Every structure is written in C-alpha cells, then in structure tokens.
$ cat my_file-v9.cif   # mmCIF, C-alpha atoms; chains and numbers go by the auth columns
data_structure
#
loop_
_atom_site.group_PDB
_atom_site.id
_atom_site.type_symbol
_atom_site.label_atom_id
_atom_site.label_comp_id
_atom_site.label_asym_id
_atom_site.label_seq_id
_atom_site.Cartn_x
_atom_site.Cartn_y
_atom_site.Cartn_z
_atom_site.B_iso_or_equiv
_atom_site.auth_seq_id
_atom_site.auth_asym_id
ATOM 1 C CA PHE A 1 41.199 3.244 -30.118 0.00 1732 A
ATOM 2 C CA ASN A 2 44.509 1.859 -31.510 0.00 1733 A
ATOM 3 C CA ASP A 3 44.742 -1.608 -29.855 0.00 1734 A
ATOM 4 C CA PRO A 4 41.655 -3.700 -30.831 0.00 1735 A
ATOM 5 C CA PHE A 5 42.112 -5.340 -27.417 0.00 1736 A
ATOM 6 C CA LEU A 6 42.064 -2.163 -25.361 0.00 1737 A
ATOM 7 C CA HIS A 7 39.111 -1.492 -27.676 0.00 1738 A
ATOM 8 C CA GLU A 8 37.056 -4.586 -26.945 0.00 1739 A
ATOM 9 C CA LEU A 9 37.859 -3.979 -23.279 0.00 1740 A
ATOM 10 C CA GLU A 10 36.349 -0.480 -23.370 0.00 1741 A
ATOM 11 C CA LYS A 11 33.419 -1.499 -25.543 0.00 1742 A
ATOM 12 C CA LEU A 12 32.669 -3.893 -22.606 0.00 1743 A
ATOM 13 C CA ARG A 13 33.443 -1.526 -19.753 0.00 1744 A
ATOM 14 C CA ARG A 14 30.998 0.809 -21.459 0.00 1745 A
ATOM 15 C CA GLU A 15 28.525 -2.056 -22.071 0.00 1746 A
ATOM 16 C CA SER A 16 28.470 -2.706 -18.295 0.00 1747 A
ATOM 17 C CA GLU A 17 27.927 0.899 -17.343 0.00 1748 A
ATOM 18 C CA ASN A 18 24.744 0.870 -19.364 0.00 1749 A
ATOM 19 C CA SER A 19 23.823 -2.337 -17.580 0.00 1750 A
ATOM 20 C CA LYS A 20 24.582 -0.859 -14.132 0.00 1751 A
ATOM 21 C CA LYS A 21 22.637 2.190 -15.281 0.00 1752 A
ATOM 22 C CA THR A 22 19.356 0.847 -16.690 0.00 1753 A
ATOM 23 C CA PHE A 23 19.258 -1.425 -13.630 0.00 1754 A
ATOM 24 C CA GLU A 24 19.786 1.467 -11.205 0.00 1755 A
ATOM 25 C CA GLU A 25 16.956 3.318 -12.917 0.00 1756 A
ATOM 26 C CA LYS A 26 14.387 0.514 -13.108 0.00 1757 A
ATOM 27 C CA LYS A 27 15.080 -0.015 -9.400 0.00 1758 A
ATOM 28 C CA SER A 28 14.106 3.657 -8.942 0.00 1759 A
ATOM 29 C CA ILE A 29 10.991 3.621 -11.106 0.00 1760 A
ATOM 30 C CA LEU A 30 9.550 0.632 -9.177 0.00 1761 A
ATOM 31 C CA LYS A 31 10.440 2.154 -5.833 0.00 1762 A
ATOM 32 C CA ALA A 32 8.574 5.260 -7.040 0.00 1763 A
ATOM 33 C CA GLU A 33 5.532 3.431 -8.418 0.00 1764 A
ATOM 34 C CA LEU A 34 5.060 1.356 -5.230 0.00 1765 A
ATOM 35 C CA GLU A 35 5.354 4.643 -3.324 0.00 1766 A
ATOM 36 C CA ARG A 36 2.495 6.086 -5.295 0.00 1767 A
ATOM 37 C CA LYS A 37 0.163 3.051 -5.371 0.00 1768 A
ATOM 38 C CA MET A 38 0.564 2.823 -1.585 0.00 1769 A
ATOM 39 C CA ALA A 39 -0.218 6.491 -1.022 0.00 1770 A
ATOM 40 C CA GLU A 40 -3.271 6.200 -3.280 0.00 1771 A
ATOM 41 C CA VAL A 41 -4.587 2.975 -1.685 0.00 1772 A
ATOM 42 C CA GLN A 42 -4.362 4.693 1.670 0.00 1773 A
ATOM 43 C CA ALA A 43 -6.124 7.833 0.495 0.00 1774 A
ATOM 44 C CA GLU A 44 -8.918 5.712 -0.886 0.00 1775 A
ATOM 45 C CA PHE A 45 -9.126 4.138 2.558 0.00 1776 A
ATOM 46 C CA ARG A 46 -9.041 7.452 4.369 0.00 1777 A
ATOM 47 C CA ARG A 47 -11.873 8.551 2.092 0.00 1778 A
ATOM 48 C CA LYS A 48 -14.397 5.764 2.664 0.00 1779 A
ATOM 49 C CA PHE A 49 -13.427 5.823 6.313 0.00 1780 A
ATOM 50 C CA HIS A 50 -14.364 9.483 6.789 0.00 1781 A
ATOM 51 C CA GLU A 51 -17.722 8.683 5.183 0.00 1782 A
ATOM 52 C CA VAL A 52 -18.407 5.696 7.439 0.00 1783 A
ATOM 53 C CA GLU A 53 -17.514 7.936 10.367 0.00 1784 A
ATOM 54 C CA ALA A 54 -19.858 10.683 9.137 0.00 1785 A
ATOM 55 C CA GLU A 55 -22.789 8.334 8.596 0.00 1786 A
ATOM 56 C CA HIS A 56 -22.433 7.306 12.263 0.00 1787 A
ATOM 57 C CA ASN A 57 -22.166 10.790 13.781 0.00 1788 A
ATOM 58 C CA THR A 58 -25.379 11.651 12.013 0.00 1789 A
ATOM 59 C CA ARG A 59 -26.902 8.279 13.042 0.00 1790 A
ATOM 60 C CA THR A 60 -26.213 9.154 16.657 0.00 1791 A
ATOM 61 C CA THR A 61 -27.173 12.809 16.729 0.00 1792 A
ATOM 62 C CA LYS A 62 -30.564 11.584 15.484 0.00 1793 A
ATOM 63 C CA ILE A 63 -30.813 8.918 18.218 0.00 1794 A
ATOM 64 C CA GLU A 64 -29.760 11.885 20.365 0.00 1795 A
ATOM 65 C CA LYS A 65 -32.348 14.488 19.367 0.00 1796 A
ATOM 66 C CA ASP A 66 -35.003 11.863 20.131 0.00 1797 A
ATOM 67 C CA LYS A 67 -33.793 10.464 23.475 0.00 1798 A
ATOM 68 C CA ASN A 68 -34.202 14.071 24.647 0.00 1799 A
ATOM 69 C CA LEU A 69 -37.605 14.568 23.083 0.00 1800 A
ATOM 70 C CA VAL A 70 -38.696 11.534 25.112 0.00 1801 A
ATOM 71 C CA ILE A 71 -37.119 12.926 28.306 0.00 1802 A
ATOM 72 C CA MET A 72 -38.853 16.238 27.650 0.00 1803 A
ATOM 73 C CA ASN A 73 -42.403 15.163 26.766 0.00 1804 A
ATOM 74 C CA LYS A 74 -42.077 13.002 29.854 0.00 1805 A
ATOM 75 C CA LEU A 75 -40.834 15.744 32.176 0.00 1806 A
ATOM 76 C CA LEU A 76 -43.359 18.153 30.665 0.00 1807 A
ATOM 77 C CA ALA A 77 -46.502 16.031 30.791 0.00 1808 A
ATOM 78 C CA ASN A 78 -45.471 15.230 34.367 0.00 1809 A
ATOM 79 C CA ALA A 79 -45.040 18.726 35.778 0.00 1810 A
ATOM 80 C CA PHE A 80 -48.546 19.236 34.327 0.00 1811 A
ATOM 81 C CA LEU A 81 -49.391 17.130 37.406 0.00 1812 A
ATOM 82 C CA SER A 82 -46.731 18.296 39.935 0.00 1813 A
ATOM 83 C CA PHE B 1 -41.318 -3.041 29.851 0.00 1732 B
ATOM 84 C CA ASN B 2 -44.389 -1.899 31.803 0.00 1733 B
ATOM 85 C CA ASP B 3 -43.474 1.789 32.078 0.00 1734 B
ATOM 86 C CA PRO B 4 -43.908 3.166 28.536 0.00 1735 B
ATOM 87 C CA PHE B 5 -41.311 5.935 29.116 0.00 1736 B
ATOM 88 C CA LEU B 6 -38.807 3.316 30.315 0.00 1737 B
ATOM 89 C CA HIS B 7 -39.742 1.513 27.122 0.00 1738 B
ATOM 90 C CA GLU B 8 -38.917 4.325 24.734 0.00 1739 B
ATOM 91 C CA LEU B 9 -35.647 4.592 26.628 0.00 1740 B
ATOM 92 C CA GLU B 10 -34.776 0.897 26.210 0.00 1741 B
ATOM 93 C CA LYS B 11 -35.889 0.985 22.548 0.00 1742 B
ATOM 94 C CA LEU B 12 -33.167 3.720 22.129 0.00 1743 B
ATOM 95 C CA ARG B 13 -30.391 2.123 24.168 0.00 1744 B
ATOM 96 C CA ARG B 14 -31.029 -0.695 21.755 0.00 1745 B
ATOM 97 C CA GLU B 15 -30.753 1.484 18.672 0.00 1746 B
ATOM 98 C CA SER B 16 -27.603 3.257 19.784 0.00 1747 B
ATOM 99 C CA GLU B 17 -26.144 -0.187 20.424 0.00 1748 B
ATOM 100 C CA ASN B 18 -26.586 -1.051 16.744 0.00 1749 B
ATOM 101 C CA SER B 19 -25.250 2.317 15.616 0.00 1750 B
ATOM 102 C CA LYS B 20 -22.051 1.381 17.435 0.00 1751 B
ATOM 103 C CA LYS B 21 -22.205 -2.272 16.322 0.00 1752 B
ATOM 104 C CA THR B 22 -22.550 -1.637 12.572 0.00 1753 B
ATOM 105 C CA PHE B 23 -20.095 1.306 12.690 0.00 1754 B
ATOM 106 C CA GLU B 24 -17.345 -0.667 14.444 0.00 1755 B
ATOM 107 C CA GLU B 25 -17.900 -3.446 11.972 0.00 1756 B
ATOM 108 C CA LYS B 26 -17.908 -1.215 8.879 0.00 1757 B
ATOM 109 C CA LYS B 27 -14.641 0.206 10.293 0.00 1758 B
ATOM 110 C CA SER B 28 -13.292 -3.342 10.856 0.00 1759 B
ATOM 111 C CA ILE B 29 -13.912 -4.248 7.217 0.00 1760 B
ATOM 112 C CA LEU B 30 -12.359 -1.198 5.611 0.00 1761 B
ATOM 113 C CA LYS B 31 -9.264 -1.879 7.718 0.00 1762 B
ATOM 114 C CA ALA B 32 -9.310 -5.519 6.593 0.00 1763 B
ATOM 115 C CA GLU B 33 -9.190 -4.556 2.916 0.00 1764 B
ATOM 116 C CA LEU B 34 -6.511 -1.942 3.411 0.00 1765 B
ATOM 117 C CA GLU B 35 -4.297 -4.649 4.857 0.00 1766 B
ATOM 118 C CA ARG B 36 -5.162 -6.818 1.898 0.00 1767 B
ATOM 119 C CA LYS B 37 -4.626 -4.281 -0.894 0.00 1768 B
ATOM 120 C CA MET B 38 -1.436 -2.914 0.576 0.00 1769 B
ATOM 121 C CA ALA B 39 -0.071 -6.370 1.290 0.00 1770 B
ATOM 122 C CA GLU B 40 -0.535 -7.281 -2.386 0.00 1771 B
ATOM 123 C CA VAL B 41 0.647 -4.037 -3.945 0.00 1772 B
ATOM 124 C CA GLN B 42 3.867 -4.514 -1.974 0.00 1773 B
ATOM 125 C CA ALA B 43 4.231 -8.222 -2.645 0.00 1774 B
ATOM 126 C CA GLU B 44 4.068 -7.711 -6.346 0.00 1775 B
ATOM 127 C CA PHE B 45 6.465 -4.850 -6.209 0.00 1776 B
ATOM 128 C CA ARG B 46 8.983 -7.378 -4.872 0.00 1777 B
ATOM 129 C CA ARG B 47 7.945 -9.836 -7.550 0.00 1778 B
ATOM 130 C CA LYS B 48 8.658 -7.092 -10.168 0.00 1779 B
ATOM 131 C CA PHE B 49 11.871 -6.012 -8.449 0.00 1780 B
ATOM 132 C CA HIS B 50 13.511 -9.437 -8.145 0.00 1781 B
ATOM 133 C CA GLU B 51 12.822 -9.724 -11.846 0.00 1782 B
ATOM 134 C CA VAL B 52 14.964 -6.680 -12.681 0.00 1783 B
ATOM 135 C CA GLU B 53 17.630 -7.768 -10.176 0.00 1784 B
ATOM 136 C CA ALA B 54 17.558 -11.215 -11.805 0.00 1785 B
ATOM 137 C CA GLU B 55 17.701 -9.690 -15.312 0.00 1786 B
ATOM 138 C CA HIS B 56 20.757 -7.639 -14.336 0.00 1787 B
ATOM 139 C CA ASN B 57 22.814 -10.405 -12.675 0.00 1788 B
ATOM 140 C CA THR B 58 22.361 -12.315 -15.905 0.00 1789 B
ATOM 141 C CA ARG B 59 23.456 -9.355 -18.059 0.00 1790 B
ATOM 142 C CA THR B 60 26.464 -8.837 -15.837 0.00 1791 B
ATOM 143 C CA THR B 61 27.693 -12.436 -15.887 0.00 1792 B
ATOM 144 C CA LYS B 62 27.177 -12.352 -19.680 0.00 1793 B
ATOM 145 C CA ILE B 63 29.647 -9.423 -19.932 0.00 1794 B
ATOM 146 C CA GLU B 64 32.074 -10.863 -17.339 0.00 1795 B
ATOM 147 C CA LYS B 65 32.283 -13.952 -19.554 0.00 1796 B
ATOM 148 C CA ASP B 66 32.840 -11.927 -22.721 0.00 1797 B
ATOM 149 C CA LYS B 67 35.588 -10.021 -20.941 0.00 1798 B
ATOM 150 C CA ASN B 68 37.290 -13.146 -19.597 0.00 1799 B
ATOM 151 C CA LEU B 69 36.890 -14.805 -22.957 0.00 1800 B
ATOM 152 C CA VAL B 70 38.615 -11.860 -24.678 0.00 1801 B
ATOM 153 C CA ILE B 71 41.469 -11.547 -22.150 0.00 1802 B
ATOM 154 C CA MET B 72 42.460 -15.209 -22.266 0.00 1803 B
ATOM 155 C CA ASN B 73 42.411 -15.061 -26.047 0.00 1804 B
ATOM 156 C CA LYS B 74 44.903 -12.214 -25.943 0.00 1805 B
ATOM 157 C CA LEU B 75 46.944 -14.110 -23.394 0.00 1806 B
ATOM 158 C CA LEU B 76 47.103 -17.203 -25.605 0.00 1807 B
ATOM 159 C CA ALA B 77 47.989 -15.506 -28.901 0.00 1808 B
ATOM 160 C CA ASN B 78 50.858 -14.056 -26.941 0.00 1809 B
ATOM 161 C CA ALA B 79 51.990 -17.278 -25.262 0.00 1810 B
ATOM 162 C CA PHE B 80 55.612 -17.513 -26.366 0.00 1811 B
ATOM 163 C CA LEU B 81 59.132 -16.210 -25.872 0.00 1812 B
ATOM 164 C CA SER B 82 61.975 -13.987 -27.102 0.00 1813 B
#
$ encode --input "my_file-v9.cif" --output "structure tokens"
Amino acid sequence: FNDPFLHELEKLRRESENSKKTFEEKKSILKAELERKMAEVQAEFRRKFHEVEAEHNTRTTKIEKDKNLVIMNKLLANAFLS
Amino acid sequence: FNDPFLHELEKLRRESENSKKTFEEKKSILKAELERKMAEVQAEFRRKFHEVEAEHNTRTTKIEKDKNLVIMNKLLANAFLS
C-alpha cells in the first residue's frame, strides 16, 4: 500500500475479518459439541432403558410360567376327581 | 386365604404388582436423570457460548476504536485551508 492511512485502514479491515471469522467458527464448534454430547447422553439413556425393560419382561414371563403351573396342577389334580 | 389355590394366585397377583411397581419406578428415575444431564449439558453450552460472544464484542469495539482513532487523526493533520 502507498498511503499509510489507506494502509492502517486495511490492516484493520483485515483484523476484523479474522475476528468475525474465529468467532463464526467457535460458534460452530460449540454448536457441534453440544450436538454430540446430547446425542451421547441420550444413547446412554436408551441403553440402560432397554436393559430395565428387558429385566422386567423376563421378570414377568417367569411370574407367567408359574401362574399357569398353578392353574394346571390345580385343574389336573381336580379332574382326577371329576 | 383359606383356599390354598386362591392363595398361590394372590401371592402372584402380589408379585406381578411389584414387577410393575419397581419397573415403573426404575423407568421414572432414568428419565429423571436424563432431564438432569441434558439440562446441564445445554446450560453450560450457553455459558460457554455467551463467553465467545462476549469475547468477540470486546474485540470488535477494540478495532472500531482503533479505526475511529486513526480516521480522526488523519482528519486533524489535514485541518486547514488553501
């Protein structure tokens, strides 16, 4: 640059494009970290939850086998009479 | 319960009622801590964000005041006639 004024002015217009830039990018990084932490906190939830739900379905098919062993040994030892 | 068959049956209604109880309550807890983890991941993203936004607005007024300071200086050294 010839004019040390037009110079300083560009040195600063440039200086504020770096500003606008590193800001725009940080802004993106965070947005993209939050996105990932949230998808991973919700996949940790979905995990434990499908285990809790499994534990129960097995809990109740047990309770289930048995309820029907009762109803059978009853119905059986009772047609032994009629 | 006089009837022993009726007894086995009640013993089971009672067991299935705790299957449901502890399941629904396990469920209720996992959901409670999802709320809590997500709430705080996202309320510390904002804490981190506003700190870049802040950091930028200060950078930018810094520049703005270098600019202004350099323009007026030109304007003054150049404050005459003919």
$ resolve_selection --input "my_file-v9.cif" --expression "the PyMOL selection byres ((chain A) within 8 of (chain B))" --output "mmCIF file with C-alpha atoms, in the coordinates of the input"
data_model
loop_
_atom_site.group_PDB
_atom_site.id
_atom_site.type_symbol
_atom_site.label_atom_id
_atom_site.label_comp_id
_atom_site.auth_asym_id
_atom_site.auth_seq_id
_atom_site.Cartn_x
_atom_site.Cartn_y
_atom_site.Cartn_z
ATOM 1 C CA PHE A 1736 42.112 -5.340 -27.417
ATOM 2 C CA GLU A 1739 37.056 -4.586 -26.945
ATOM 3 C CA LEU A 1740 37.859 -3.979 -23.279
ATOM 4 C CA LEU A 1743 32.669 -3.893 -22.606
ATOM 5 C CA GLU A 1746 28.525 -2.056 -22.071
ATOM 6 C CA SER A 1747 28.470 -2.706 -18.295
ATOM 7 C CA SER A 1750 23.823 -2.337 -17.580
ATOM 8 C CA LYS A 1751 24.582 -0.859 -14.132
ATOM 9 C CA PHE A 1754 19.258 -1.425 -13.630
ATOM 10 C CA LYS A 1757 14.387 0.514 -13.108
ATOM 11 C CA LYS A 1758 15.080 -0.015 -9.400
ATOM 12 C CA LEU A 1761 9.550 0.632 -9.177
ATOM 13 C CA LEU A 1765 5.060 1.356 -5.230
ATOM 14 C CA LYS A 1768 0.163 3.051 -5.371
ATOM 15 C CA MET A 1769 0.564 2.823 -1.585
ATOM 16 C CA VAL A 1772 -4.587 2.975 -1.685
ATOM 17 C CA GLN A 1773 -4.362 4.693 1.670
ATOM 18 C CA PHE A 1776 -9.126 4.138 2.558
ATOM 19 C CA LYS A 1779 -14.397 5.764 2.664
ATOM 20 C CA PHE A 1780 -13.427 5.823 6.313
ATOM 21 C CA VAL A 1783 -18.407 5.696 7.439
ATOM 22 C CA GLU A 1784 -17.514 7.936 10.367
ATOM 23 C CA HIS A 1787 -22.433 7.306 12.263
ATOM 24 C CA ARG A 1790 -26.902 8.279 13.042
ATOM 25 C CA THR A 1791 -26.213 9.154 16.657
ATOM 26 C CA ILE A 1794 -30.813 8.918 18.218
ATOM 27 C CA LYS A 1798 -33.793 10.464 23.475
ATOM 28 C CA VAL A 1801 -38.696 11.534 25.112
ATOM 29 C CA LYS A 1805 -42.077 13.002 29.854
#
$ atom_distance --input "my_file-v9.cif" --atom1 "CA of residue 1782 in chain B" --atom2 "CA of residue 1760 in chain A"
13.5 Å
$ atom_distance --input "my_file-v9.cif" --atom1 "CA of residue 1767 in chain A" --atom2 "CA of residue 1789 in chain B"
29.1 Å
$ atom_distance --input "my_file-v9.cif" --atom1 "CA of residue 1745 in chain B" --atom2 "CA of residue 1763 in chain B"
26.9 Å
$ calpha_fit_rmsd --input "my_file-v9.cif" --fixed "chain B" --moving "chain A"
1.0 Å
$ axis_aligned_box --input "my_file-v9.cif" --around "range 1753-1772 of chain A" --padding-each-side "3 Å" --output "JSON"
{"center_x": 7.6, "center_y": 2.5, "center_z": -8.9, "size_x": 30.4, "size_y": 13.9, "size_z": 21.7}
$ build_atoms --input "my_file-v9.cif" --residues "range 1736-1756 of chain A" --atoms "N, CA, C and O atoms" --output "mmCIF file, in the frame of the given file"
data_model
loop_
_atom_site.group_PDB
_atom_site.id
_atom_site.type_symbol
_atom_site.label_atom_id
_atom_site.label_comp_id
_atom_site.auth_asym_id
_atom_site.auth_seq_id
_atom_site.Cartn_x
_atom_site.Cartn_y
_atom_site.Cartn_z
ATOM 1 N N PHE A 1736 42.240 -4.593 -28.657
ATOM 2 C CA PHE A 1736 42.112 -5.340 -27.417
ATOM 3 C C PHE A 1736 41.644 -4.330 -26.401
ATOM 4 O O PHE A 1736 40.544 -4.452 -25.868
ATOM 5 N N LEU A 1737 42.471 -3.314 -26.163
ATOM 6 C CA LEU A 1737 42.064 -2.163 -25.361
ATOM 7 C C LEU A 1737 40.718 -1.599 -25.856
ATOM 8 O O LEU A 1737 39.982 -0.924 -25.108
ATOM 9 N N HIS A 1738 40.394 -1.891 -27.119
ATOM 10 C CA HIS A 1738 39.111 -1.492 -27.676
ATOM 11 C C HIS A 1738 38.003 -2.357 -27.134
ATOM 12 O O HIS A 1738 37.156 -1.876 -26.396
ATOM 13 N N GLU A 1739 38.009 -3.633 -27.503
ATOM 14 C CA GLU A 1739 37.056 -4.586 -26.945
ATOM 15 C C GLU A 1739 36.856 -4.426 -25.435
ATOM 16 O O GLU A 1739 35.744 -4.516 -24.933
ATOM 17 N N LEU A 1740 37.939 -4.179 -24.717
ATOM 18 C CA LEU A 1740 37.859 -3.979 -23.279
ATOM 19 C C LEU A 1740 37.058 -2.743 -22.876
ATOM 20 O O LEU A 1740 36.400 -2.745 -21.844
ATOM 21 N N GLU A 1741 37.126 -1.680 -23.668
ATOM 22 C CA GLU A 1741 36.349 -0.480 -23.370
ATOM 23 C C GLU A 1741 34.910 -0.652 -23.834
ATOM 24 O O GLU A 1741 33.978 -0.348 -23.103
ATOM 25 N N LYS A 1742 34.736 -1.144 -25.053
ATOM 26 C CA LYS A 1742 33.419 -1.499 -25.543
ATOM 27 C C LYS A 1742 32.617 -2.318 -24.505
ATOM 28 O O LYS A 1742 31.391 -2.224 -24.460
ATOM 29 N N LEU A 1743 33.308 -3.092 -23.662
ATOM 30 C CA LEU A 1743 32.669 -3.893 -22.606
ATOM 31 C C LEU A 1743 32.588 -3.176 -21.264
ATOM 32 O O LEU A 1743 31.757 -3.501 -20.439
ATOM 33 N N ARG A 1744 33.481 -2.236 -21.015
ATOM 34 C CA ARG A 1744 33.443 -1.526 -19.753
ATOM 35 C C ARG A 1744 32.298 -0.539 -19.878
ATOM 36 O O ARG A 1744 31.652 -0.162 -18.898
ATOM 37 N N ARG A 1745 32.061 -0.129 -21.120
ATOM 38 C CA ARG A 1745 30.998 0.809 -21.459
ATOM 39 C C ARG A 1745 29.687 0.022 -21.395
ATOM 40 O O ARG A 1745 28.750 0.417 -20.709
ATOM 41 N N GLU A 1746 29.658 -1.117 -22.084
ATOM 42 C CA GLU A 1746 28.525 -2.056 -22.071
ATOM 43 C C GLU A 1746 27.974 -2.379 -20.668
ATOM 44 O O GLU A 1746 26.790 -2.634 -20.506
ATOM 45 N N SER A 1747 28.838 -2.350 -19.662
ATOM 46 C CA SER A 1747 28.470 -2.706 -18.295
ATOM 47 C C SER A 1747 28.245 -1.477 -17.438
ATOM 48 O O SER A 1747 28.160 -1.561 -16.215
ATOM 49 N N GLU A 1748 28.193 -0.320 -18.075
ATOM 50 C CA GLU A 1748 27.927 0.899 -17.343
ATOM 51 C C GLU A 1748 26.509 1.235 -17.707
ATOM 52 O O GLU A 1748 25.779 1.823 -16.916
ATOM 53 N N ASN A 1749 26.130 0.836 -18.918
ATOM 54 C CA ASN A 1749 24.744 0.870 -19.364
ATOM 55 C C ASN A 1749 23.910 -0.133 -18.579
ATOM 56 O O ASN A 1749 22.838 0.197 -18.086
ATOM 57 N N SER A 1750 24.398 -1.364 -18.488
ATOM 58 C CA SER A 1750 23.823 -2.337 -17.580
ATOM 59 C C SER A 1750 23.616 -1.693 -16.208
ATOM 60 O O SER A 1750 22.485 -1.434 -15.820
ATOM 61 N N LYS A 1751 24.695 -1.413 -15.484
ATOM 62 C CA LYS A 1751 24.582 -0.859 -14.132
ATOM 63 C C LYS A 1751 23.609 0.304 -14.069
ATOM 64 O O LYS A 1751 23.041 0.602 -13.023
ATOM 65 N N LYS A 1752 23.439 0.972 -15.201
ATOM 66 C CA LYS A 1752 22.637 2.190 -15.281
ATOM 67 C C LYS A 1752 21.148 1.885 -15.433
ATOM 68 O O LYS A 1752 20.360 2.248 -14.567
ATOM 69 N N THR A 1753 20.762 1.210 -16.514
ATOM 70 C CA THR A 1753 19.356 0.847 -16.690
ATOM 71 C C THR A 1753 18.816 0.037 -15.499
ATOM 72 O O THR A 1753 17.647 0.156 -15.142
ATOM 73 N N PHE A 1754 19.664 -0.761 -14.865
ATOM 74 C CA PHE A 1754 19.258 -1.425 -13.630
ATOM 75 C C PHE A 1754 18.984 -0.433 -12.508
ATOM 76 O O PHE A 1754 17.942 -0.493 -11.858
ATOM 77 N N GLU A 1755 19.933 0.464 -12.260
ATOM 78 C CA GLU A 1755 19.786 1.467 -11.205
ATOM 79 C C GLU A 1755 18.505 2.301 -11.355
ATOM 80 O O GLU A 1755 17.960 2.817 -10.370
ATOM 81 N N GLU A 1756 18.035 2.415 -12.592
ATOM 82 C CA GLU A 1756 16.956 3.318 -12.917
ATOM 83 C C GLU A 1756 15.620 2.597 -12.793
ATOM 84 O O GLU A 1756 14.671 3.141 -12.211
#
